[PDB]
Structure formats: C-alpha cells, structure tokens
Amino acid sequence: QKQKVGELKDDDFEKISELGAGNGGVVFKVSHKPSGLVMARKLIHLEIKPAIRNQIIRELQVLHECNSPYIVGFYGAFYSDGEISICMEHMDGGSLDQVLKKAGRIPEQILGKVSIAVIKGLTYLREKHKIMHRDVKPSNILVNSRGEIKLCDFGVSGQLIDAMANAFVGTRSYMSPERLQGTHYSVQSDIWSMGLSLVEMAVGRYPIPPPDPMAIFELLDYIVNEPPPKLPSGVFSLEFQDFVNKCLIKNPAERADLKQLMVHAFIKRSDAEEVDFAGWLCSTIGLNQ
Amino acid sequence: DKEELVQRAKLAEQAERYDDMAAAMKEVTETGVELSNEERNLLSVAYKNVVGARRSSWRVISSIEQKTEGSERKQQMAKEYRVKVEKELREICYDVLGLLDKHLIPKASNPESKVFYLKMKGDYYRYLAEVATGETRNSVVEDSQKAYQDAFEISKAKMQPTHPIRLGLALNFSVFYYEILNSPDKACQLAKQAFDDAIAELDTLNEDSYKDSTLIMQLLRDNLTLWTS
Amino acid sequence: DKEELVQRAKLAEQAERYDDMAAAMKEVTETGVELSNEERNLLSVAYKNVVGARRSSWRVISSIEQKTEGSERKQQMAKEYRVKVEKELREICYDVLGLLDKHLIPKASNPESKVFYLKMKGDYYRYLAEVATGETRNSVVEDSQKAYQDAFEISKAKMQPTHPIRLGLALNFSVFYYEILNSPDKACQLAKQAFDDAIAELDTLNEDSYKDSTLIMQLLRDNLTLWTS
Amino acid sequence: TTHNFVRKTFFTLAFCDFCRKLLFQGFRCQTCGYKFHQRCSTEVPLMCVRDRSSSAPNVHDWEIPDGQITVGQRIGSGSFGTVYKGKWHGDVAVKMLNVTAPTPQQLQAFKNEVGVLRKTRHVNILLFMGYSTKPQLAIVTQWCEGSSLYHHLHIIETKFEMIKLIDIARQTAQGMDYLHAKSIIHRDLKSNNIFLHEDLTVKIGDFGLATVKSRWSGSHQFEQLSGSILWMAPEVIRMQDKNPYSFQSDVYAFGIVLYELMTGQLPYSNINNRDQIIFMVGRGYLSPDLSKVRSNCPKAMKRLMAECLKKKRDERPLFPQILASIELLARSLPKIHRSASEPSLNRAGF
Ligand SMILES: Nc1ncnc2c1ncn2[C@@H]1O[C@H](COP(=O)(O)OP(=O)(O)OP(O)(O)=S)[C@@H](O)[C@H]1O
Ligand SMILES: Nc1ncnc2c1ncn2[C@@H]1O[C@H](COP(=O)(O)OP(=O)(O)O)[C@@H](O)[C@H]1O
Ligand SMILES: O=C(NOCCO)c1ccc2cncn2c1Nc1ccc(I)cc1F
Ligand SMILES: [Mg+2]
Ligand SMILES: [Zn+2]
Ligand SMILES: [Zn+2]
C-alpha cells in the first residue's frame, strides 16, 4: 500500500473526522485521494526557523525504515501552510489511554500482551535504529481491531524533541526520576515509563498520586523524591507485581533492562497464555469482532 | 531669537554643566517674555542643581566642623570656608529671587504657573532659612510662610488632588513644617491629609504624569513613616 | 603654614569642590616644598578630576554634534560651543604642563617620583592629543612618545614589575598605543608582557599594596578580554 | 575584585541598591555603578559580579454585539484563545478565549477585569477595545502591523545595534511601569506579547485577563499552570503560593526578555525537554546562564538583568527602579563603549 503513496501534498487529503485533542498536536482521520487509503494525519504547528524545520522533516524520513508489527506504520512527513504533517497508519482501536477510560481498568492477562508488544517495540527501535523512545505512555501505545499493539511518538528526530520542549507544557508526566535530574541511562527511562503506564491502566487510576489535582511541578518533585508507585497487593499475581517493581526501581542501573524483562516470569507466562485481545478490544470499545 | 537660547540651555543641561545653563536661562528671563510649560522646568532644574551642589558642600563641611572637636586653626579655617560657600549660596538665591519677582510672578496669566513660581519662591526662602542663623532667620521664615500659604490657598481652590504641583507644594510645605519650625504634629496632620485626598482620584491618572504622581506619593509615605517613629 | 593648606585641600576633596583643590595644591607646589607621597597624590586626584569632567562633557558634545547631519545650522552653534569647551580644556592642561617644568621635574630626588611626574606629563599630552587635530596632533603625540619611553626604562631597572606606578604606566601607554597610534597588536603584546611579568613575580607585595595593584591588573584583564574579540 | 568608592552627588534621578529610596548624595563604585546610601552602608556588602528627609525632585457595557466584527484570517492559537485579524472601524485582533462556557460567576469577573483594561491608555500598551459575548468570548485589541519581538529575534535572527536593543528594553519598562502604576499584573510578559509598531514603538499586549486563564469550576480560579515556562518565575512554576503572579513574577519575566534581546538566544539552549526545565527552575537548580553575553556589555547594565532573575522574588527590584537603571546607562552608553583608562585610587574609608 505504501508504494501506491508517492509525494504527500495538502490538497491530496480529504478530512473525515478528528481522532482526538492533544497537548501540542492534533490528529485527523484523512483519505489520501490519489492512493484511496485512510491515514492518521498529525499536524504540529511549530514557530521555528526554516533551517530547524527542514532538519525535522529530514530526520522524520527515518520513519520509512521503522517497519515492524509493534511500530505504527508511516506514509510520509511533509510541511505546508505553517504545519508539520506526519501521515501514519490509522489504528481503529485508538490509544490505550482511550481504551483505558472505556474499560475502567485493563485485565492483567491483556496487560501481559501489551508489555510484550512495548518491550519488543522498544527493542526494535534500539537494536535496528538505536533510538530511545523517551515518551513511553498509554497515549503513545496504539491498538487496532486486528489485535496489533504498536509504539508511536518515539524520538527519531532529536531536533523535533527540542522544538516541542520549548513550545508546550504538560499536566501528566511519565519521565523517569534520573532523566528529570539530567542523568541519561539509554532506554532505562523508557522501561520506567512502561512500568508507570502498566500500573495506571491495571489500577484504573494515575500512578504518580496514590490514594493509598497535583500540578506538573508537584508530580515531577514526587517522582524524584518519593518511593515509586506499586500494584495493590492480593488483586494482581505476584509475577505481575514483581514485573512492574523491577520496571519502577528509581536506580536506573538496578532497574531491569529490555533483555532481563523479555525472560521475566510474567512475560514468559503471558507469552504462553492464549488471550483473544482483538475480541476483548472490540468488546470494550463496542465495535464488531 | 529665543529658540537658539533654549537649545543652548538644553544642550548645556545634557553636558551636566550647570553654570553656562544657569547663565543662559537668566539671559532668557532677562528678555522679560512669558515662558511656556517646557521652558520653565529647565529653569527650575538649573537653579535647583546649582544650590543643590552648594547644599551638599555646606552639609559635609558642617559635619566635619561638628566632627573635629579640638582647639586649633582648622576649626577657624573650616568656619572661613563655611562663611565663604554660605555667601556663594546667598549670592545664587538672591540672583534667583531678583530674576523671579521682577519678570515672572507679577506677569503670570496661568494660575497653575502662579502655584509653580510661589512654590519655587518658598523653596529658595527655605534654602536661605536653613543656613542663616540669627535675627535674619525670622524674616525669611515668615516670607516662606506667606509664599507657601499663598500657594496653598490656590492649590486648595483650583488644582487636582492628584496634580504633581499641588503634591510638590504639600511635600515642600510639610518638610518646611518639620525642619524649620519643628512642629511635627501639624506636619504629620498635613502629610496624612494630603496623602488621603491623593488616594480619592487614583483612577484619574493620565499618561502625562503617572511617574511624578507615584514618585511624590512614595516620598510622602517615606516622610510619614520617618516622622510617625 | 603648609599643613593648613593641605588640610584645606583635603577639606575641599571631601566637599567635592575641585577647582578650589586645584588652586590650593598649585599654590603649594608653586613654592618648591619637598613633596611627599600623600602631598603629590592629592595633586594627582585634583588635576585628574578637573580635566576629566570637561573631557566627558566634550565627549557628549562631540557625540551630539554627529547625531544628525541632515539638518539646519543647529550644528553650527554646537561646534563653536565645542570650541568654547576646548578654550577651557587646553589652557587648564597647559596650567599643569608648565608646573611640571617649574618645580616637579628638577626638584625630584627619587626615580619613582620621576616615573610618576613623567607619566602625568605623558597623560596630559595624551588628553591634548584627542581634541587637537591636523599637524598639532603630530606635535602633541611626539612629546608623549619620549615621556613614557623615559619612564618605562626606570620602571624596569628601579621598581618591580608588580609596582602599581609601573602597572599604571604600562596601562596608560597601552591605551595611548590603542586610541592615538591605532596599533592594537603592539598594545595587546605590551599588556600581555606587563601582565605575564606581574604573574611571574606575585605574592611579594606589602600589606597596603593588595588593593591598587589588583585593581590595575583587573582593568588590564578587562582591556585584554575587550581587545581579543 | 575590590570595590573602590568615590563621593558622588547624583544630579539626575537615582535609587540606592539596598533601601531603594531617592538618592541625592552618597557613594558609587567606579567599576560597576552599584550606587548606594551612606546611611544604610553598614547593612549591605560589596556586590559587583536624624538625616534630611527628601523634597520635590526634578521634573522630566463594553460588549460588542453581532454583525459588527468581520472575523478574517486565522492567525494563531495561544494559551487561552486563538487570534483572527477582524475588521471593526479599522483592522482589530479578535481572540476566541479558550473559555467558551463561562459561569455567571466567571463571566461577571471577566466584565469587571475588562473594566480596568478599558481604562488603560499608554504609548507602550496595546489598546483594549472591549470584547463580544454573542459569539462566545473574543477579546478585541489594536491590530499590530510589522511583527512580534520573538519573530525578529529567533525567526529572522536580525540583531540590531545595542542602541536600538536598549531602546526596546527602555520602552518595555515604560509600558510595564504604567501597568504596575495602575496595579495590573501582566501574568504573560514575553517577546511573543511585544510588537514593534512600524519598527519603532514597543506595544505590550495580552496583559492582565487573569479570569479567562485557569478555567473556573464555580466561584474559584486556581491558576492551573499552562502556556509557556521560559518566562515564568520560580514562585510561579511552583504554584504552591496562593498567588504566584505578582509584580516580581512580571519583573522576572521582564529579566528573561532582557536575556533574549541581549544574547539573541532563548534561555536554556542546551536542554531537549520541557518537564526538566519546569522541575529544575521551580527547584532553584536551573538559572539562565550569564556566560553567553556579548564582550562589550557594561557591568552596570548586565547587573540589572541579574537582579530581575533573583530566585527569591522579594530580592527583585520594581519597575520605577528598573526603568531608572535602564535609562541611566542609555545616556552613558556611547562614552563607555571606548577603551578603559587609569582610574582614581582608593580615596574611601568606612
Ligand atoms: N493584537 C494583535 N495584533 C496583531 N497580531 C496579533 C495580535 N495578537 C496576536 N497576534 C498574532 O497572533 C499570533 C499568535 O497569537 P497569540 O494567541 O497571541 O499567541 P501567544 O502570544 O503565544 O498567546 P498568549 O495567550 O499571549 S501565551 C502571533 O504570531 C501574532 O502575530
Ligand atoms: N494513529 C492514531 N490513531 C488514533 N488516535 C491517534 C493516533 N495518533 C494519535 N492519536 C490521538 O491523538 C491524540 C493527540 O496525541 P498527541 O498530540 O501526540 O499527545 P498525547 O498522546 O499526549 O495526547 C491522542 O489522544 C491520541 O489518542
Ligand atoms: O508525536 C510526537 N509528539 O506528540 C505530539 C505533540 O505535539 C513526537 C515527538 C517526538 C518525535 C521525534 N520524531 C517524531 N516525533 C514525534 N512524532 C511522531 C513520531 C513517530 C510517529 I510513527 C509519528 C509521529 F507523529
Ligand atoms: Mg500521543
Ligand atoms: Zn540604602
Ligand atoms: Zn563593581
């Protein structure tokens, strides 16, 4: 389908519907009329010098070679009418942030399949491209009705990460405590973010504030100076509790790596379990099988 | 021509020289033509800076005179230097009042201008009041008293409670009451009253004078907080 | 008698009036009395400040002269006024140079004081070098070339390179090279040579000599960081 | 590294750099210009890197209805609303405030705020021509031609002579001093909200409007921090204070604008993360680096910038003192650009 897509132009697209509101960007379901396909078009409005913009579009062309069953497919990245357009594969299941609100909580056996997808997603990006995601969170893990679980909004363009760091302000954070203090430990920060994401959906609440709202500054200060969040005792299996604990060790070196997590008791069990994820997702959302 | 004289005085003001400026503005007033709003502030700045330099000289020389506390020719010489700079101080203030009461006060169409020149007159009589100690004190003290009372009547009549000039008069007349007459009770009453009325029309503050208005306001508050201690 | 006039000069210094101190020290050096450290230091302060104030005023007048040339004969009166400043700038500097020929140079029994007076001569030829243009400048600058060249030799042979008078000599001669002759590479080397030598011989100074030296070398670092870029 | 002092009788307007009252006679460091009193000399140390009471110093329904605002082209969105170039008795700037559903309690407070903003008239302030309630909320301000300061300093990166650079900083302090004189907190001062009208007059916009930022839930207005943080004071970042938006919070934001104009770069140009800046600034760990400035900036001028960026808000000066200090060296600017000379020696003692 990607070979049917030549050069992407603004007038070749037709608006269908908005996928959801964002902090910095907006995403629309669009029809590429020359190809006749439904893409997810993200538009980012950055007030940057053209030299930086041209470099951003240059470093996004790296996504053409990020092809795997745990990475959201990519069609093209171009600039028009003062907005950066990133055209990617449409995921009809939305983000796990949207699925979380619709589910209330996500079952442990479902989160087992998500963990495997995120780990293998982060492994692909770091082995084949050696790029740290630096944004792992439920809103950036996309799912479709086919049962695919794919990572998106990873840092392939270092110039794009610096650009939006100057522009916007977040209310919810999944940044590792060592990154907040200016210490870089490769993909150990992405593993922290995954563990925090896994606690959020399983509990059905936010990990940073535990009953057992806070401003962005109070959230970051808590992540750095307080013990990490943990799953409630009794209601989750000891393997799943141990998995997220190894993912949320504040010490980035003592924190489990991608190779260590792949062979964890929770992952080895979940990899063996037969879970109709596609059936559960469409059931949760209200779609048909 | 007048414009060559006011540009010369303005240029000399930019060079931080207050001898050619004062001479130029005396030469302007000697023509006996009525000034604008602009040409007046230059004259006040010139004859404020010239006395101000001698005032600072008088204060530090008088402090050294009260510092020495011996018995030698240093005290006699410092007294000779005090009476020298005091006589220089007297010559400047007499040149001002000679230039003021002969060309400007008797020919003053604008009542606002009358409050301005009577405020200056009371200021320079207070400048002569603080230095001359004896029988001649009681003449210039009563002269400044009449001048400020005359200015205070026209301020209370036909001025704004938020105008720079009425606030300046209230400020100079309050420090006159504190320093010269040493009745801080009526100075406290006066400054508090002037500060209260100054609050009423706080909304009525146009761009023409926000800096001056708030500057005399905070100076009034600083003088109050000094005197209520 | 002398101590009374030095007391008057100090009293004039504290009182900020400088023309009285200039006259009060000129009349003392007019006699030919043995001039000690403090006695020549007050003279150096007096004749620095008095020419310095008029020099800054000329700098402002010369800047305002060149603000807009697309204008009327308002510049005409300005550059004749600039000549008025020059009329009260050169002759007062000549009042200092004739003084060096009267008493200072012949009545010197210490090389250090000879370096000091030759530095002052070169510095006052350096101030006259700025306003004076044409063939006069050539005549003016040639007097300083021999003045700092007859002081550096003694500075090198009789005083340490950490000496504040030798530091001030290298500093003034460095700015002479930069501003007048416009050889900034020779100015940069000279300074670097002066500064490296100062660092090469340090921590040998007196207790009093821990403020003036540091200030000169600190200004030397300021010139060097300014002149690298 | 030692302050040499001189007896100096200030002839212009100057404020002591501990007590910050009107200074007449006292001391001045001949290195920086950190002028100060003789009275409060025994309370303040050196910082470079019964008395005569003062006298007179020297002298130098606003709702627009429907069918009137021709909403034109979409210009750009902000932190509380989007701008369109509208026509209304000439070109105006419309702003559809992000708050589209205001409660009769928030709506009342907005109408009260507009009351004060409509009573503002300064050469360095964008005119506030009311708002519109029929088509939701839409602040209507004077339309600016030319371009924003952010656009001229980080887009085209056209640096201007220090004379023109200082002038922009002077006119900003002039307009800002007027707002604080009328007791109006800007809450948003940044190069994005400063325009150069036909390339000369500075116009400050998007000031006040505290009630249309931080959507209410009934009768409250907890300022939920949002927008941009490069200009936010550390006290403003924390939001732990009942109110973080004071004059000093605005003075800090002003100090960041000084940094922008002075160096041509936005503060912290070595971090690829926003959350890192929010945390470290609010914690007092990150400060705008003062080692990227030009090699001709006088200590007196540069020091002003350092005073506005004080982590504790109570240390920062107020605009009457700032504007005096900015202006003070604008006059000694050309003379001090020339090379240094031999100074007068110690001539001081305490
Ligand atoms: N009064 C105005 N006149 C002309 N252009 C304007 C005006 N106000 C905003 N703009 C333009 O609109 C664009 C962005 O609009 P804004 O919403 O003001 O952005 P912003 O300043 O980041 O938002 P806030 O609310 O001040 S944080 C800028 O590029 C300006 O050129
Ligand atoms: N491919 C996609 N399919 C469906 N929804 C998407 C897709 N890409 C982005 N979105 C949605 O777009 C919204 C904006 O995302 P973004 O601006 O990156 O910030 P955030 O993920 O933090 O909300 C999110 O709510 C997300 O669910
Ligand atoms: O998406 C991002 N941030 O969230 C939007 C807030 O404005 C984002 C952030 C960093 C980044 C570096 N290189 C691309 N980056 C992004 N985009 C993006 C990445 C991968 C895919 I597949 C699709 C995308 F759109
Ligand atoms: Mg996202
Ligand atoms: Zn003080
Ligand atoms: Zn200093």
# chains A, B, ... in the order shown; residues from 1 in each chain; ligands from 1
>>> interface_residues(of="chain D", to="chain B", cutoff="10 Å", atoms="only C-alpha atoms", output="MDAnalysis selection string")
chainID D and resid 9:12 21:22 24:25 50:60 116 119:123 174 177:178 181:182 320 331
>>> residues_near_ligand(ligand="ligand 5", cutoff="6 Å", atoms="only C-alpha atoms and all ligand atoms", output="list in words")
residues 16, 18, 19, 36, 37 and 40 of chain D
>>> write_last_selection(atoms="N, CA and C atoms", output="CSV table (one decimal), in the first residue's frame")
chain,number,residue,atom,x,y,z
D,16,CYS,N,19.1,54.1,45.7
D,16,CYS,CA,20.1,53.2,46.5
D,16,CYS,C,19.8,51.7,46.2
D,18,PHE,N,20.2,49.1,48.1
D,18,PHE,CA,19.8,48.3,49.3
D,18,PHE,C,18.4,48.8,49.7
D,19,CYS,N,18.2,50.1,50.0
D,19,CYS,CA,17.0,50.7,50.6
D,19,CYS,C,16.0,51.1,49.4
D,36,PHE,N,24.9,53.6,46.1
D,36,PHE,CA,24.2,53.3,47.4
D,36,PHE,C,24.4,54.5,48.4
D,37,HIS,N,23.5,54.4,49.4
D,37,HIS,CA,23.5,55.4,50.5
D,37,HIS,C,24.8,55.5,51.3
D,40,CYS,N,22.6,53.5,55.2
D,40,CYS,CA,22.4,52.1,55.2
D,40,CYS,C,23.7,51.4,54.6
>>> atom_distance(atom1="CA of residue 154 (chain D)", atom2="CA of residue 260 (chain D)")
8.8 Å
>>> interface_residues(of="chain D", to="chain A", cutoff="10 Å", atoms="only C-alpha atoms", output="number ranges by chain")
D: 76-77, 79, 150-151, 154-157, 223-230, 237-240, 266-283, 285
>>> closest_atom_pairs(of="chain B", to="chain C", cutoff="7 Å", atoms="only C-alpha atoms", output="JSON lines")
{"residue": "B:15", "atom": "CA", "partner": "C:57", "partner_atom": "CA", "distance": 5.1}
{"residue": "B:57", "atom": "CA", "partner": "C:15", "partner_atom": "CA", "distance": 4.8}
{"residue": "B:60", "atom": "CA", "partner": "C:15", "partner_atom": "CA", "distance": 6.1}
{"residue": "B:61", "atom": "CA", "partner": "C:15", "partner_atom": "CA", "distance": 6.4}
>>> residues_near_ligand(ligand="ligand 2", cutoff="7 Å", atoms="only C-alpha atoms and all ligand atoms", output="list in words")
residues 19, 20, 21, 22, 23, 24, 25, 26, 27, 40, 42, 88, 89, 90, 91, 92, 94, 95, 97, 98, 139, 140, 142 and 153 of chain A
>>> write_last_selection(atoms="N, CA and C atoms", output="PDB file, in the first residue's frame")
ATOM      1  N   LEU A  19      -9.413  12.354  15.451  1.00  0.00           N
ATOM      2  CA  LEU A  19      -9.151  11.137  16.269  1.00  0.00           C
ATOM      3  C   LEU A  19      -9.158  11.500  17.759  1.00  0.00           C
ATOM      4  N   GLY A  20      -8.670  12.694  18.111  1.00  0.00           N
ATOM      5  CA  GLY A  20      -8.673  13.208  19.495  1.00  0.00           C
ATOM      6  C   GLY A  20      -7.815  14.451  19.650  1.00  0.00           C
ATOM      7  N   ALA A  21      -8.120  15.273  20.660  1.00  0.00           N
ATOM      8  CA  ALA A  21      -7.372  16.501  21.020  1.00  0.00           C
ATOM      9  C   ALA A  21      -6.035  16.113  21.664  1.00  0.00           C
ATOM     10  N   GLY A  22      -5.026  16.981  21.534  1.00  0.00           N
ATOM     11  CA  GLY A  22      -3.668  16.773  22.072  1.00  0.00           C
ATOM     12  C   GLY A  22      -3.150  18.004  22.795  1.00  0.00           C
ATOM     13  N   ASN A  23      -2.022  17.859  23.496  1.00  0.00           N
ATOM     14  CA  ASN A  23      -1.341  18.946  24.249  1.00  0.00           C
ATOM     15  C   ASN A  23      -0.728  19.936  23.253  1.00  0.00           C
ATOM     16  N   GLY A  24      -0.010  19.423  22.247  1.00  0.00           N
ATOM     17  CA  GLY A  24       0.724  20.227  21.249  1.00  0.00           C
ATOM     18  C   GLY A  24       0.218  20.029  19.829  1.00  0.00           C
ATOM     19  N   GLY A  25      -0.178  18.803  19.470  1.00  0.00           N
ATOM     20  CA  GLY A  25      -0.601  18.431  18.105  1.00  0.00           C
ATOM     21  C   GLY A  25      -2.075  18.075  18.035  1.00  0.00           C
ATOM     22  N   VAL A  26      -2.603  17.950  16.813  1.00  0.00           N
ATOM     23  CA  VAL A  26      -3.990  17.485  16.513  1.00  0.00           C
ATOM     24  C   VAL A  26      -3.901  16.394  15.440  1.00  0.00           C
ATOM     25  N   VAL A  27      -4.695  15.329  15.585  1.00  0.00           N
ATOM     26  CA  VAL A  27      -4.681  14.134  14.688  1.00  0.00           C
ATOM     27  C   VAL A  27      -6.064  13.986  14.049  1.00  0.00           C
ATOM     28  N   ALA A  40      -3.911   8.332   9.429  1.00  0.00           N
ATOM     29  CA  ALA A  40      -3.969   9.218  10.615  1.00  0.00           C
ATOM     30  C   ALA A  40      -2.956  10.354  10.430  1.00  0.00           C
ATOM     31  N   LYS A  42      -1.280  13.618  11.676  1.00  0.00           N
ATOM     32  CA  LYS A  42      -0.929  14.511  12.812  1.00  0.00           C
ATOM     33  C   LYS A  42      -0.353  15.816  12.252  1.00  0.00           C
ATOM     34  N   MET A  88       0.561   8.660   9.100  1.00  0.00           N
ATOM     35  CA  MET A  88       0.846   7.305   9.643  1.00  0.00           C
ATOM     36  C   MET A  88      -0.399   6.423   9.492  1.00  0.00           C
ATOM     37  N   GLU A  89      -0.218   5.110   9.650  1.00  0.00           N
ATOM     38  CA  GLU A  89      -1.287   4.076   9.594  1.00  0.00           C
ATOM     39  C   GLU A  89      -2.359   4.397  10.641  1.00  0.00           C
ATOM     40  N   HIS A  90      -3.633   4.391  10.234  1.00  0.00           N
ATOM     41  CA  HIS A  90      -4.810   4.585  11.123  1.00  0.00           C
ATOM     42  C   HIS A  90      -5.028   3.319  11.959  1.00  0.00           C
ATOM     43  N   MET A  91      -5.089   3.473  13.285  1.00  0.00           N
ATOM     44  CA  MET A  91      -5.373   2.389  14.264  1.00  0.00           C
ATOM     45  C   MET A  91      -6.782   2.612  14.829  1.00  0.00           C
ATOM     46  N   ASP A  92      -7.745   1.782  14.411  1.00  0.00           N
ATOM     47  CA  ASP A  92      -9.203   1.979  14.650  1.00  0.00           C
ATOM     48  C   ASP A  92      -9.557   1.710  16.122  1.00  0.00           C
ATOM     49  N   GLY A  94      -7.827   3.068  18.598  1.00  0.00           N
ATOM     50  CA  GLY A  94      -7.346   4.272  19.301  1.00  0.00           C
ATOM     51  C   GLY A  94      -6.115   3.974  20.141  1.00  0.00           C
ATOM     52  N   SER A  95      -5.799   4.853  21.097  1.00  0.00           N
ATOM     53  CA  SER A  95      -4.698   4.687  22.084  1.00  0.00           C
ATOM     54  C   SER A  95      -5.227   3.928  23.306  1.00  0.00           C
ATOM     55  N   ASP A  97      -4.876   4.856  26.235  1.00  0.00           N
ATOM     56  CA  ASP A  97      -5.424   5.960  27.070  1.00  0.00           C
ATOM     57  C   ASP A  97      -6.941   6.046  26.859  1.00  0.00           C
ATOM     58  N   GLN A  98      -7.395   5.968  25.602  1.00  0.00           N
ATOM     59  CA  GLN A  98      -8.835   5.988  25.221  1.00  0.00           C
ATOM     60  C   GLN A  98      -9.496   4.676  25.659  1.00  0.00           C
ATOM     61  N   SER A 139      -0.979   6.837  26.007  1.00  0.00           N
ATOM     62  CA  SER A 139      -1.473   7.641  24.857  1.00  0.00           C
ATOM     63  C   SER A 139      -0.630   7.374  23.600  1.00  0.00           C
ATOM     64  N   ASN A 140       0.597   6.862  23.760  1.00  0.00           N
ATOM     65  CA  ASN A 140       1.566   6.623  22.655  1.00  0.00           C
ATOM     66  C   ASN A 140       1.721   5.118  22.381  1.00  0.00           C
ATOM     67  N   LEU A 142      -0.559   2.429  20.613  1.00  0.00           N
ATOM     68  CA  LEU A 142      -1.766   2.352  19.746  1.00  0.00           C
ATOM     69  C   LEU A 142      -2.130   0.886  19.488  1.00  0.00           C
ATOM     70  N   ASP A 153       5.169   7.984  18.421  1.00  0.00           N
ATOM     71  CA  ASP A 153       5.643   9.254  19.036  1.00  0.00           C
ATOM     72  C   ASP A 153       6.957   9.007  19.791  1.00  0.00           C
TER      73      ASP A 153
END
>>> closest_atom_pairs(of="chain D", to="ligand 1", cutoff="10 Å", atoms="only C-alpha atoms and all ligand atoms", output="tab-separated table")
residue	atom	partner	partner_atom_place_in_ligand_line	distance
D:74	CA	ligand 1	12 (O)	8.5
D:75	CA	ligand 1	12 (O)	5.0
D:76	CA	ligand 1	14 (C)	4.3
D:77	CA	ligand 1	17 (O)	4.4
D:78	CA	ligand 1	23 (O)	3.2
D:79	CA	ligand 1	25 (O)	4.5
D:80	CA	ligand 1	25 (O)	5.4
D:81	CA	ligand 1	17 (O)	5.9
D:82	CA	ligand 1	17 (O)	5.0
D:83	CA	ligand 1	15 (O)	5.2
D:84	CA	ligand 1	12 (O)	7.5
D:85	CA	ligand 1	4 (C)	7.1
D:86	CA	ligand 1	3 (N)	9.8
D:91	CA	ligand 1	3 (N)	8.8
D:92	CA	ligand 1	3 (N)	6.9
D:93	CA	ligand 1	1 (N)	4.7
D:94	CA	ligand 1	1 (N)	7.7
D:95	CA	ligand 1	17 (O)	7.3
D:96	CA	ligand 1	17 (O)	9.2
D:97	CA	ligand 1	25 (O)	8.8
D:98	CA	ligand 1	25 (O)	9.6
D:126	CA	ligand 1	1 (N)	7.0
D:127	CA	ligand 1	1 (N)	8.6
D:128	CA	ligand 1	1 (N)	9.1
D:139	CA	ligand 1	1 (N)	9.4
D:140	CA	ligand 1	1 (N)	7.7
D:141	CA	ligand 1	1 (N)	5.0
D:142	CA	ligand 1	1 (N)	5.2
D:143	CA	ligand 1	3 (N)	3.7
D:144	CA	ligand 1	3 (N)	3.8
D:145	CA	ligand 1	4 (C)	6.3
D:146	CA	ligand 1	4 (C)	8.6
D:147	CA	ligand 1	31 (O)	6.2
D:148	CA	ligand 1	31 (O)	6.0
D:149	CA	ligand 1	31 (O)	9.7
D:150	CA	ligand 1	29 (O)	8.8
D:151	CA	ligand 1	29 (O)	7.7
D:187	CA	ligand 1	27 (S)	9.5
D:188	CA	ligand 1	27 (S)	6.3
D:189	CA	ligand 1	26 (O)	8.3
D:190	CA	ligand 1	21 (O)	8.0
D:191	CA	ligand 1	21 (O)	8.5
D:192	CA	ligand 1	21 (O)	4.9
D:193	CA	ligand 1	21 (O)	5.1
D:194	CA	ligand 1	21 (O)	8.7
D:195	CA	ligand 1	3 (N)	8.1
D:197	CA	ligand 1	3 (N)	9.9
D:203	CA	ligand 1	1 (N)	9.1
D:204	CA	ligand 1	1 (N)	9.2
D:205	CA	ligand 1	1 (N)	6.6
D:206	CA	ligand 1	26 (O)	5.1
D:207	CA	ligand 1	26 (O)	8.1
D:209	CA	ligand 1	25 (O)	9.7
D:213	CA	ligand 1	25 (O)	8.8
D:226	CA	ligand 1	27 (S)	8.6
D:227	CA	ligand 1	27 (S)	5.5
D:228	CA	ligand 1	27 (S)	6.7
D:229	CA	ligand 1	27 (S)	9.9
>>> select_by_dssp(residues="region 30-197 of chain B", states="helix (DSSP H, G or I)", output="ChimeraX atom specification")
/B:30,38-68,73-100,111-129,137-158,164-179,184-197
>>> closest_atom_pairs(of="chain D", to="ligand 6", cutoff="6 Å", atoms="only C-alpha atoms and all ligand atoms", output="tab-separated table")
residue	atom	partner	partner_atom_place_in_ligand_line	distance
D:3	CA	ligand 6	1 (Zn)	5.7
D:29	CA	ligand 6	1 (Zn)	5.5
D:31	CA	ligand 6	1 (Zn)	4.2
D:32	CA	ligand 6	1 (Zn)	3.6
D:48	CA	ligand 6	1 (Zn)	3.8
>>> residues_around(residues="residue 15 (chain A)", least_positions_apart="3", cutoff="9 Å", atoms="only C-alpha atoms", output="ChimeraX atom specification")
/A:18,28-31
>>> atom_distance(atom1="CA of residue 186 (chain D)", atom2="CA of residue 250 (chain D)")
6.4 Å
>>> residues_around(residues="residue 9 (chain B)", least_positions_apart="4", cutoff="8 Å", atoms="only C-alpha atoms", output="ChimeraX atom specification")
/B:5,13,20-22,24-25,42
>>> write_last_selection(atoms="N, CA and C atoms", output="PDB file, in the first residue's frame")
ATOM      1  N   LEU B   5      18.564  80.165  22.336  1.00  0.00           N
ATOM      2  CA  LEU B   5      18.902  80.285  23.781  1.00  0.00           C
ATOM      3  C   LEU B   5      18.434  79.030  24.529  1.00  0.00           C
ATOM      4  N   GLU B  13      22.530  71.421  29.493  1.00  0.00           N
ATOM      5  CA  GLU B  13      21.886  70.546  30.513  1.00  0.00           C
ATOM      6  C   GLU B  13      22.265  69.084  30.240  1.00  0.00           C
ATOM      7  N   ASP B  20      26.884  77.504  32.671  1.00  0.00           N
ATOM      8  CA  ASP B  20      26.502  78.039  31.334  1.00  0.00           C
ATOM      9  C   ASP B  20      24.980  77.927  31.168  1.00  0.00           C
ATOM     10  N   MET B  21      24.371  76.871  31.723  1.00  0.00           N
ATOM     11  CA  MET B  21      22.903  76.624  31.681  1.00  0.00           C
ATOM     12  C   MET B  21      22.174  77.729  32.456  1.00  0.00           C
ATOM     13  N   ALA B  22      22.597  77.992  33.698  1.00  0.00           N
ATOM     14  CA  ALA B  22      22.000  78.997  34.611  1.00  0.00           C
ATOM     15  C   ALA B  22      22.165  80.405  34.024  1.00  0.00           C
ATOM     16  N   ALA B  24      22.536  81.103  30.736  1.00  0.00           N
ATOM     17  CA  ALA B  24      21.702  81.096  29.509  1.00  0.00           C
ATOM     18  C   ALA B  24      20.233  81.346  29.869  1.00  0.00           C
ATOM     19  N   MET B  25      19.745  80.741  30.958  1.00  0.00           N
ATOM     20  CA  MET B  25      18.316  80.800  31.374  1.00  0.00           C
ATOM     21  C   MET B  25      18.032  82.119  32.105  1.00  0.00           C
ATOM     22  N   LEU B  42      13.243  73.547  32.793  1.00  0.00           N
ATOM     23  CA  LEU B  42      14.705  73.737  32.577  1.00  0.00           C
ATOM     24  C   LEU B  42      15.247  74.741  33.604  1.00  0.00           C
TER      25      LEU B  42
END
>>> closest_residue(among="B:34, B:185, B:27, B:142", to="residue 109 (chain B)", atoms="only C-alpha atoms")
B:34
